[PDB]
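**Student:** Let me begin by handing over the structure; questions about it come next.
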Amino acid sequence: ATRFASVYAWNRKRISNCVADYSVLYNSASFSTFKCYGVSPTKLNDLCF
Amino acid sequence: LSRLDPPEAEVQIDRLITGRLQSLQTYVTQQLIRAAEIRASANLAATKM
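First to last, the sequence lines map onto chains C and A.
Taking the deposited numbering, I'd label the letters of the first sequence as residues 344 to 392.
Taking the deposited numbering, I'd label the letters of the second sequence as residues 981 to 1029.
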């Protein structure tokens, strides 16, 4: 996204009805911080949400 | 098992193991006491016979 919202007006979007390869986003080597709670990002995209 | 890596699955499974083991010990002790009472009654019945 080109423009990001302010923190007090944090933007929310809802995503459903699609297929996502979370490993790609994980294996992007582009993020400073990447922490998952309740789940381990390393190839646990094998579940339905 | 399907949502976490082993390092934290260890903690979670430890909690579950602790709880279930304590439940089993409670159940077994109750059964031992009840069996003692039943044996006393059975001895009385044999004596009456």
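In this text, a Cβ means the ideal position worked out from N, Cα and C, and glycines have one as well.
Which two residues bound the contiguous alpha helix (DSSP H) that contains A:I993?
**Tutor:** Residues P986 to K1028.
**Student:** Using a Cβ-Cβ distance cut-off of 8 Å, determine whether C:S366 contacts chain A.
**Tutor:** No, its Cβ sits nowhere closer than 8 Å to a Cβ of chain A.
**Student:** Along the region 371-391 of chain C, where does the CB come closer than 9 Å to a CB of chain A? Name the residues.
**Tutor:** The residues in question are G381, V382, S383, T385, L387, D389 and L390.
**Student:** Would you say C:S383 and A:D985 are within 8 Å of each other, going by their C-beta atoms?
**Tutor:** Yes.
**Student:** Please state whether DSSP places C:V382 in a helix, a strand or coil.
**Tutor:** Residue state, collapsed to three classes: coil.
**Student:** Verify the CB distance criterion: does A:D985 have a CB-CB separation below 8 Å to chain C?
**Tutor:** So, interface residue.
**Student:** Taking the alpha carbon of C:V367 as the point to measure from, which residue in C:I358, C:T385, C:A344 and C:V350 has its own alpha carbon closest?
**Tutor:** Checked all of C:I358, C:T385, C:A344 and C:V350; the closest Cα to C:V367 is C:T385.
**Student:** Have a look at C:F347 and C:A372 and give me their C-alpha separation to the nearest angstrom.
**Tutor:** Cα to Cα, the separation comes out at about 21 Å.
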